[PDB]
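Asker: Mind having a look at this structure? Questions to follow.
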Amino acid sequence: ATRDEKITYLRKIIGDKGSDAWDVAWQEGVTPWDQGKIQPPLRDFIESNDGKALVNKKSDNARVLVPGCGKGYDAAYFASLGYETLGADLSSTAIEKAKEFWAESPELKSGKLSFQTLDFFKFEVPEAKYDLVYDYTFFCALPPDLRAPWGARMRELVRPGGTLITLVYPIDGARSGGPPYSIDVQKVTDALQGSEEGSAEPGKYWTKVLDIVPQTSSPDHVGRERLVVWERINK
Ligand SMILES: Nc1ncnc2c1ncn2[C@@H]1O[C@H](CSCC[C@H](N)C(=O)O)[C@@H](O)[C@H]1O
Ligand SMILES: Cc1cc(C)c(S(=O)(=O)O)c(C)c1
Ligand SMILES: [Cl-]
Ligand SMILES: [Cl-]
Ligand SMILES: [Cl-]
């Protein structure tokens with residue numbers, strides 16, 4: 001009934017079942033992460049001068065991926081901006097619940113928004129790749145040993161010149177255990193920029209164009225959140 005009890009249980013079943021535990025949690029209603037809406041820093045970025053420029057330059061066929069989308073609030077948001085958007089989640093339960101929650105969306109109706117039960121690590125990347133990817137409470141959901149393949153998938157998923165937005169949360173310092181794991185921008189950087197081969201200064205695969213403290217974090221997010229925008233390079 002308590003958040004902590006619910007997190008304790010989520011971590012217990014992740015220990016027994018691995019990644020299969022996520023659909024179990026959704027089936028059983030153990031969804032402590034669920035907020036019922038997007039995080040404000042996403043809307044405020046999109047509505048900022050950098051955000052307007054990003055949306056205004058989008059191609060007519062521009063595609064968005066929202067991985068680990070849960071009930072899909074962020075995917076619905078991007079679809080409402082005119083992006084052909086895919087919300088992907090491992091859990092078939094989560095994906096049905098996303099289709100329920102957004103049942104009235106005009107973009108779900110048109111097919112411009114789509115929710116699909118997909119494993120972020122396994123699904124077939126479209127040939128044209130994604131123009132824009134948004135990661136929130138997905139990187140911090142993964143066990144630490146999966147951060148490196150997450151970065152590698154991100155490098156394959158975002159087209160050259162495309163953009164990845166990571167809302168980095170929770171930044172709780174040295175706290176161990178997860179989900180949610182305590183993350184920071186450095187951890188995201190190391191995953192995204194990958195192997196340095198011969199100890200090469202990171203900057204090989206992405207440019208970190210913007211890294212801010214959002215001025216409109218949710219109250220329990222204040223002091224534990226950064227918004228980072230990454231551009232895919234090595235064209
Ligand atoms: N390999 C994987 N591929 C796609 N989704 C995954 C995944 N592993 C875990 N997930 C999903 O990641 C989510 C973590 S919590 C849901 C967070 C969501 N971004 C939100 O803000 O509401 C769960 O829904 C889980 O089903
Ligand atoms: C992946 C994940 C899981 C949980 C339990 C939480 S939360 O309970 O702290 O809100 C968050 C933010 C992300
Ligand atoms: Cl919303
Ligand atoms: Cl898949
Ligand atoms: Cl692939």
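Residue numbers start at 1 in each chain; chains themselves are named A, B, ... in the order of the structure tokens; ligands are numbered from 1 in the order shown.
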When you look at residue A:109 with a cut-off of 12 Å (counting only C-alpha atoms), what residues show up, excluding the ones that are within fewer than 6 positions of it in the same chain? I need them as a VMD selection string.
Answerer: chain A and resid 76 79 to 80 99 102 to 103 115
Asker: Got a sec: who's within 12 Å of residue A:35, counting only C-alpha atoms, leaving out chain neighbours fewer than 3 positions off, as an MDAnalysis selection string?
Answerer: chainID A and resid 31:32 38:40 69:74 136:137 218 220
Asker: May I ask which of the residues A:46, A:167, A:188, A:90 is the closest one to ligand 1, counting only C-alpha atoms and all ligand atoms?
Answerer: A:90
Asker: Counting only C-alpha atoms and all ligand atoms, what are the residues, protein, DNA or RNA alike, that approach ligand 2 to within 6 Å? I want them as an MDAnalysis selection string.
Answerer: chainID A and resid 7 32:33 137:138 140:141 179:180
Asker: Could you give me the residues within 12 Å of ligand 5, counting only C-alpha atoms and all ligand atoms, as number ranges by chain?
Answerer: A: 119-129, 152-158
Asker: For a quick check of understanding, using only C-alpha atoms, which of A:197, A:5, A:225, A:107 has the smallest distance to residue A:84?
Answerer: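 That would be A:107, the residue with the smallest distance to residue A:84.
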Asker: From stretch 38-131 of chain A, collect each residue whose DSSP state is alpha helix (DSSP H) and return the set as a PyMOL selection string.
Answerer: chain A and resi 40-47+49-56+73-80+92-101+106-110
Asker: Counting only C-alpha atoms and all ligand atoms, which of A:210, A:98, A:54, A:192 gets nearest to ligand 3?
Answerer: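 Ranking A:210, A:98, A:54, A:192 by distance to ligand 3, first place goes to A:98.
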Asker: What lies within 7 Å of residue A:230 using only C-alpha atoms, ignoring chain neighbours under 6 positions off, as an MDAnalysis selection string?
Answerer: chainID A and resid 163:165 206:209
Asker: Keeping N, CA and C atoms for every residue in the selection just given, could you write it to a file as a PDB file, in the first residue's frame?
Answerer:
ATOM      1  N   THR A 163      17.666  13.879 -32.833  1.00  0.00           N
ATOM      2  CA  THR A 163      17.796  14.390 -31.476  1.00  0.00           C
ATOM      3  C   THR A 163      17.280  13.354 -30.489  1.00  0.00           C
ATOM      4  N   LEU A 164      17.998  13.185 -29.386  1.00  0.00           N
ATOM      5  CA  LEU A 164      17.515  12.419 -28.248  1.00  0.00           C
ATOM      6  C   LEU A 164      17.375  13.376 -27.067  1.00  0.00           C
ATOM      7  N   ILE A 165      16.215  13.361 -26.414  1.00  0.00           N
ATOM      8  CA  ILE A 165      15.998  14.138 -25.197  1.00  0.00           C
ATOM      9  C   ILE A 165      15.951  13.158 -24.042  1.00  0.00           C
ATOM     10  N   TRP A 206      27.636  11.732 -30.233  1.00  0.00           N
ATOM     11  CA  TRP A 206      26.602  12.712 -29.926  1.00  0.00           C
ATOM     12  C   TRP A 206      27.241  14.044 -29.555  1.00  0.00           C
ATOM     13  N   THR A 207      26.516  15.131 -29.790  1.00  0.00           N
ATOM     14  CA  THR A 207      26.851  16.420 -29.212  1.00  0.00           C
ATOM     15  C   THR A 207      25.800  16.759 -28.159  1.00  0.00           C
ATOM     16  N   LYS A 208      26.244  17.050 -26.933  1.00  0.00           N
ATOM     17  CA  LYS A 208      25.325  17.463 -25.868  1.00  0.00           C
ATOM     18  C   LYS A 208      25.039  18.951 -26.004  1.00  0.00           C
ATOM     19  N   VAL A 209      23.975  19.288 -26.736  1.00  0.00           N
ATOM     20  CA  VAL A 209      23.787  20.690 -27.112  1.00  0.00           C
ATOM     21  C   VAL A 209      23.213  21.480 -25.955  1.00  0.00           C
TER      22      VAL A 209
END
Asker: Would you list the contacts of stretch 182-185 of chain A as a VMD selection string, taking every protein, DNA or RNA residue within 9 Å and counting only C-alpha atoms, but skipping same-chain residues closer than 6 positions in sequence?
Answerer: chain A and resid 139 to 140 168 to 176 211 225 to 226 228
Asker: Quick one: of A:215, A:130, A:112, A:12, who's nearest to residue A:59, counting only C-alpha atoms?
Answerer: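 Answer, going by the shortest atom-to-atom distance: A:130.
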Asker: Counting only C-alpha atoms and all ligand atoms, figure out which residue out of A:118, A:106, A:101, A:82 gets nearest to ligand 4.
Answerer: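 Of A:118, A:106, A:101, A:82, the one nearest ligand 4, counting only C-alpha atoms and all ligand atoms, is A:118.
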Asker: Taking the DSSP assignment computed from this structure's backbone, write out as number ranges by chain all residues of stretch 10-220 of chain A that belong to strand (DSSP E).
Answerer: A: 63-67, 84-89, 113-117, 130-136, 158-168, 206-212
Asker: Take the selection from the previous step and output its residues with C-alpha atoms, as a short mmCIF file (atom, residue, chain, number, x, y, z; two decimals), in the first residue's frame.
Answerer:
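Okay, this is what ended up in again03.cif:
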data_model
loop_
_atom_site.label_atom_id
_atom_site.label_comp_id
_atom_site.auth_asym_id
_atom_site.auth_seq_id
_atom_site.Cartn_x
_atom_site.Cartn_y
_atom_site.Cartn_z
CA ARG A 63 9.19 9.97 -36.61
CA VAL A 64 9.37 9.92 -32.81
CA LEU A 65 10.08 6.95 -30.55
CA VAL A 66 9.14 6.94 -26.87
CA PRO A 67 10.60 3.74 -25.37
CA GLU A 84 4.35 10.30 -36.33
CA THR A 85 4.95 8.75 -32.92
CA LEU A 86 5.50 5.21 -31.65
CA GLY A 87 5.16 4.47 -27.95
CA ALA A 88 6.95 1.19 -27.22
CA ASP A 89 6.75 -0.81 -24.02
CA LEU A 113 0.12 7.93 -32.76
CA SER A 114 0.68 4.20 -32.27
CA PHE A 115 1.27 2.06 -29.18
CA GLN A 116 2.98 -1.30 -29.59
CA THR A 117 4.23 -4.05 -27.30
CA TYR A 130 13.97 8.13 -35.72
CA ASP A 131 14.21 11.91 -35.94
CA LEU A 132 13.46 12.36 -32.24
CA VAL A 133 13.62 10.04 -29.24
CA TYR A 134 12.48 10.85 -25.68
CA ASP A 135 13.71 8.92 -22.65
CA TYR A 136 12.05 9.46 -19.27
CA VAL A 158 18.49 8.13 -33.88
CA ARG A 159 19.27 9.20 -37.44
CA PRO A 160 22.35 11.40 -38.00
CA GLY A 161 21.32 14.93 -37.12
CA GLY A 162 18.34 13.60 -35.14
CA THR A 163 17.80 14.39 -31.48
CA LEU A 164 17.51 12.42 -28.25
CA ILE A 165 16.00 14.14 -25.20
CA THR A 166 16.77 12.52 -21.85
CA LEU A 167 14.85 13.80 -18.83
CA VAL A 168 17.44 12.62 -16.30
CA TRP A 206 26.60 12.71 -29.93
CA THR A 207 26.85 16.42 -29.21
CA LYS A 208 25.32 17.46 -25.87
CA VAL A 209 23.79 20.69 -27.11
CA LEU A 210 21.83 21.54 -23.98
CA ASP A 211 21.94 20.46 -20.33
CA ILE A 212 19.74 22.49 -17.99
#
Asker: To one decimal place, how far is atom 18 (C, counted along the ligand's line) of ligand 1 from atom CA of residue A:51 in Å?
Answerer: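 Going from atom 18 (C, counted along the ligand's line) of ligand 1 over to atom CA of residue A:51 covers 21.4 Å.
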Asker: Leaving out residue A:203 and any residue of its chain fewer than 4 positions from it, which residues lie within 12 Å of it when counting only C-alpha atoms, given as a PyMOL selection string?
Answerer: chain A and resi 189-196+199+207-209+230-234
Asker: Atom CA of residue A:186 to atom CA of residue A:224: how many Å, to one decimal?
Answerer: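 A separation of 14.1 Å between them.
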Asker: So which one's closest to ligand 1, A:58, A:52, A:147, A:235? Using only C-alpha atoms and all ligand atoms, please.
Answerer: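 Looking only at the distances to ligand 1, the closest residue turns out to be A:147.
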Asker: Tell me, in Å to one decimal, how far atom CA of residue A:19 is from atom CA of residue A:95.
Answerer: 15.6 Å
Asker: As a ChimeraX atom specification, please: the residues near residue A:22 (cut-off 9 Å, only C-alpha atoms, same-chain neighbours under 5 positions excluded).
Answerer: /A:10,13-14,17,27,90-91,94
